[PDB]
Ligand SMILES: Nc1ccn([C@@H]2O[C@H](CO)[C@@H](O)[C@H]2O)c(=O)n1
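One chain comes next, on its own, written out as structure tokens in the form solved without this ligand.
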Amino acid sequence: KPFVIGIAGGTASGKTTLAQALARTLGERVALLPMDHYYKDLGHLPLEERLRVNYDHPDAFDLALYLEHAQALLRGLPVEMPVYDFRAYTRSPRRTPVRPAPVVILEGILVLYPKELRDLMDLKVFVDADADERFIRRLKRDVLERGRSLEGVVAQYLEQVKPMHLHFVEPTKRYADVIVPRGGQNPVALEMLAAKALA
């Protein structure tokens, strides 16, 4: 019976801001599950790998765990969402609690990739943005805010992000019920999504 909204789109497409805004509009009546909070725990491998891994490939995601959490929230059961130790680039043993709610938001680049996930959604959304605009947003954030080097941002985008978006993320757009452009700055679409939820 809880309302399930899946929100997909490219990295830095504004899908995150869109989901975060949707949640804040509904307050404690929601349960947001960020797929990026579900990378495969690779503590066993050295820090040689990890960071060297393609975090945009489906195999990098602990799909099984995500689905389970999605299913629990659906059956009114609270989950222990995984906290990521970005200090060592491995899943932190710390667990952030997610109280079940009448409306559930599943957002992430591959939230529309698996059928078992799509079937759980009452509403499917794809945040669309052009590659150049998505690259620019990620750029401005990493270089201007996070102090990353220009060169590094370019390389990581080209060898890791772009090939994954084209091969896995982009095709999932045809499964969406609604496609939202300018996901980070689109009051109308936000309103439409919230109103449907409040039903």
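Each form is matched to the other, and the largest set of C-alpha atoms that superpose within 1.5 Å is called the rigid core. When you see a residue number, it is the position in the sequence shown, counting from 1.
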| item | value |
| --- | --- |
| Stretch exceeding the other in mean C-alpha B-factor - 148-156, 47-55 | 47-55 |
| Mean C-alpha temperature factor, higher of 123-131 and 96-104 | 96-104 |
| Largest Cα B-factor, entry values, listed residues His165, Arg174, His37, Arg138 | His37 |
| Cα B factor band for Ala195 (lowest, middle or highest third within the chain) | highest |
| Assigned third (lowest, middle, highest) for the C-alpha B factor of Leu110 | lowest |
| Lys15 - Cα temperature factor, lowest/middle/highest third of chain | lowest |
| Third of the chain's Cα B-factor distribution that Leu117 belongs to, per the entry | lowest |
| Third of the chain, ranked by Cα B-factor, where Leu33 sits | lowest |
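Although it is not shown, the form deposited with this ligand bound is what the next lines describe.
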| property | result |
| --- | --- |
| Any non-hydrogen atom of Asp36 within 4.5 angstroms of this ligand in the deposited bound form | yes |
| 4.5 angstroms heavy atom contact with this ligand in the deposited bound form for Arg137 | no |
| Partner proximity in the deposited bound form: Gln156 to this ligand, non-hydrogen atom cutoff 4.5 Å | yes |
| Residue contact check: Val161 to this ligand in the deposited bound form, 4.5 Å heavy atom | yes |
| Stretch from 64-72, 23-31, 170-178, 140-148 whose residues place a heavy atom within 4.5 Å of this ligand in the deposited bound form | 140-148 |
| Residue (of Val103, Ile109, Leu106, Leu117) lying close to this ligand in the deposited bound form, criterion heavy atoms within 4.5 Å | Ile109 |
| In the deposited bound form, residues of 67-88 near this ligand [heavy atom within 4.5 Å] | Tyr84, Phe86 |
| Candidates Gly152, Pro58, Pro171, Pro163 - which moves between the shown form and the other one, C-alpha at least 2 Å, core fixed | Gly152 |
| Rigid core fit then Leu42 CA moved by 2 Å or more between the shown form and the other one | no |
| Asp122 C-alpha shift between the shown form and the other one of 2 Å or more, rigid core reference | no |
| Flag for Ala72, CA shift 2 Å or larger between the shown form and the other one after aligning core | no |
